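Working notes for the structure below.
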Amino acid sequence: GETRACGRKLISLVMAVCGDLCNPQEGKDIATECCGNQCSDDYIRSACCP
């Protein structure tokens with residue numbers, strides 16, 4: 001079935017918070033804590049516009 005979704009989940013959940021407005025620049029790290037541990041709107045800022 002579906003595979004893992006974390007780095008994608010970081011840009012996925014923000015795609016609804018940023019709406020392709022900010023930028024998921026280098027998402028191979030911030031998603032290291034949101035894959036299933038720490039997350040938050042503030043964390044999104046550094047994932048969409050750090």
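Identifiers in this document derive from the order of the structure tokens: chains are assigned A, B, ..., residues are numbered from 1 separately in each chain, and ligands are numbered from 1 in order of occurrence.
Backbone DSSP over chain A gives alpha helix (DSSP H) for residues 7, 8, 9, 10, 11, 12, 13, 14, 15, 16, 17, 30, 31, 32, 33, 34, 41, 42, 43, 44, 45, 46, 47 and 48 of chain A.
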Kindly export the residues of the current selection with N, CA, C and O atoms, as a CSV table (one decimal), in the first residue's frame.
```csv
chain,number,residue,atom,x,y,z
A,7,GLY,N,9.0,13.4,4.9
A,7,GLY,CA,9.5,14.6,4.2
A,7,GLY,C,8.4,15.2,3.3
A,7,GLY,O,8.2,16.4,3.2
A,8,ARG,N,7.7,14.3,2.8
A,8,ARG,CA,6.5,14.7,1.9
A,8,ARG,C,5.4,15.2,2.8
A,8,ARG,O,4.8,16.2,2.5
A,9,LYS,N,5.3,14.7,4.0
A,9,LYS,CA,4.2,15.1,4.9
A,9,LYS,C,4.6,16.6,5.4
A,9,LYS,O,3.7,17.4,5.6
A,10,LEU,N,5.9,16.9,5.4
A,10,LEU,CA,6.3,18.2,5.9
A,10,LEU,C,5.8,19.2,4.8
A,10,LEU,O,5.3,20.3,5.1
A,11,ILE,N,6.0,18.9,3.6
A,11,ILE,CA,5.6,19.9,2.5
A,11,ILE,C,4.1,19.7,2.3
A,11,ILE,O,3.4,20.5,1.8
A,12,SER,N,3.5,18.5,2.6
A,12,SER,CA,2.1,18.3,2.4
A,12,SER,C,1.3,19.1,3.4
A,12,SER,O,0.4,19.8,3.1
A,13,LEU,N,1.6,18.9,4.7
A,13,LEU,CA,0.8,19.6,5.7
A,13,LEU,C,1.0,21.1,5.5
A,13,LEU,O,0.1,21.9,5.7
A,14,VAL,N,2.2,21.5,5.1
A,14,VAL,CA,2.4,23.0,4.9
A,14,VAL,C,1.8,23.4,3.6
A,14,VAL,O,1.3,24.6,3.5
A,15,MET,N,1.8,22.6,2.6
A,15,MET,CA,1.1,23.0,1.4
A,15,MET,C,-0.2,23.6,1.7
A,15,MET,O,-0.8,24.4,0.9
A,16,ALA,N,-0.8,23.2,2.8
A,16,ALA,CA,-2.1,23.7,3.2
A,16,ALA,C,-1.9,24.9,4.1
A,16,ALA,O,-2.8,25.7,4.3
A,17,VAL,N,-0.8,25.0,4.8
A,17,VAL,CA,-0.5,26.1,5.7
A,17,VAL,C,0.2,27.2,4.9
A,17,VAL,O,-0.1,28.4,5.1
A,30,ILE,N,14.2,19.3,8.4
A,30,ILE,CA,13.0,19.7,9.2
A,30,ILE,C,12.1,18.5,9.4
A,30,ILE,O,11.5,18.3,10.4
A,31,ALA,N,12.0,17.8,8.3
A,31,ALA,CA,11.1,16.6,8.3
A,31,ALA,C,11.7,15.5,9.2
A,31,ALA,O,11.1,14.4,9.4
A,32,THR,N,12.9,15.7,9.6
A,32,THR,CA,13.5,14.6,10.5
A,32,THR,C,12.9,14.6,11.9
A,32,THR,O,12.9,13.6,12.6
A,33,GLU,N,12.3,15.7,12.2
A,33,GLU,CA,11.6,15.8,13.6
A,33,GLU,C,10.1,15.7,13.4
A,33,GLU,O,9.4,15.3,14.3
A,34,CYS,N,9.6,16.1,12.3
A,34,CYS,CA,8.1,16.0,12.1
A,34,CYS,C,7.7,14.7,11.5
A,34,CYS,O,6.5,14.3,11.5
A,41,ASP,N,3.3,25.1,14.2
A,41,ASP,CA,3.2,26.2,13.2
A,41,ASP,C,4.6,26.9,13.2
A,41,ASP,O,5.1,27.2,12.1
A,42,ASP,N,5.1,27.1,14.3
A,42,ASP,CA,6.5,27.8,14.3
A,42,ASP,C,7.5,26.9,13.6
A,42,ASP,O,8.3,27.4,12.8
A,43,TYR,N,7.4,25.6,13.8
A,43,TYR,CA,8.4,24.7,13.1
A,43,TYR,C,8.1,24.8,11.6
A,43,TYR,O,9.0,24.7,10.8
A,44,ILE,N,6.9,25.0,11.2
A,44,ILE,CA,6.5,25.1,9.7
A,44,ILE,C,7.3,26.4,9.1
A,44,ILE,O,7.8,26.3,8.1
A,45,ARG,N,7.3,27.5,9.9
A,45,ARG,CA,8.0,28.7,9.3
A,45,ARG,C,9.4,28.3,8.8
A,45,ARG,O,9.8,28.7,7.7
A,46,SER,N,10.1,27.6,9.6
A,46,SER,CA,11.5,27.2,9.2
A,46,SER,C,11.4,26.1,8.1
A,46,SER,O,12.4,25.7,7.6
A,47,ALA,N,10.3,25.6,7.9
A,47,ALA,CA,10.1,24.5,6.9
A,47,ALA,C,9.6,25.1,5.6
A,47,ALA,O,9.8,24.6,4.5
A,48,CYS,N,8.8,26.2,5.7
A,48,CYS,CA,8.3,26.9,4.6
A,48,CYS,C,9.0,28.1,4.3
A,48,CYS,O,9.3,28.5,3.2
```
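Picture a line from atom CA of residue 50 of chain A to atom CA of residue 26 of chain A; it runs 10.0 Å.
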